[PDB]
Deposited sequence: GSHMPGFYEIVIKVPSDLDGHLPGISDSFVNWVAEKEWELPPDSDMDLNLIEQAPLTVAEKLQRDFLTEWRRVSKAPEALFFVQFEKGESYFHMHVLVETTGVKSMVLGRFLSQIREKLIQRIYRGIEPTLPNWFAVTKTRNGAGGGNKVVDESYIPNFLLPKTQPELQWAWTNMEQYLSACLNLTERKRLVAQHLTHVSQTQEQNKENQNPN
């Protein structure tokens, strides 16, 4: 398994759940999700271009925070060296503003932000390990959890199913537990 970049996108504050989902449609907010579906889809479209990675592994999760909606994008680093992630990410940020926001930049502070190895300045683009998904994304539960997308086989059935998340989390803790022997 490869490393991942994390880009977090804040989203300003009629879908169906797939048959296999156990989630509560009543707790998923329609309007913000529609914005998020465009952002993730278009991000990944541009991502595939700059990285020359048509099959790029990704996991995206849309969450409802205490102050704003935020979307975690995890893309495989293959094809995009850390040294050039910035110049490519700025191209993508611009596409979104044009395609989704009619070319009016969102008011939201820090609304499109890569995850660095440090809080201040001078850090590096963080290569997030894939265990980030069970350790930190899978355990989210409604209403905080709002939606998720992936092309990673392990998580197809997990995106929108709370039981399957629960299982994979536990499957992970077991594996962790196994290495400690």
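Unmodelled segments of the deposited chain, in sequence order: 1-3, 17-36, 205-213.
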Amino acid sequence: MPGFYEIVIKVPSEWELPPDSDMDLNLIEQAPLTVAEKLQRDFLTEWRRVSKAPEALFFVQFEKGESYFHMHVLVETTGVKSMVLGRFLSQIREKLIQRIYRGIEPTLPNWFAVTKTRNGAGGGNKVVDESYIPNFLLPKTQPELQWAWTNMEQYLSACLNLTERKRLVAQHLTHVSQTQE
From here on, numbers count along this sequence of modelled residues.
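Relative to one another, 70-78 and 94-102 have unequal mean CA B-factors, and 94-102 is the one with the higher figure.
Comparing 26-34 with 149-157, the higher mean C-alpha B-factor in the PDB entry belongs to 26-34.
Per the PDB record, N119 has a higher Cα B-factor than any other of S131, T115, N119, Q61. Ranked within its chain, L162 lands in the middle third, by CA B factor from the PDB record. In the PDB entry, a CA B factor belonging to the middle third of its chain's modelled residues is recorded for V176. Sorting the modelled residues of the chain by their CA temperature factor places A170 in the lowest third. Ranked against the other modelled residues of its chain, the C-alpha B-factor of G65 as given in the entry falls in the highest third.
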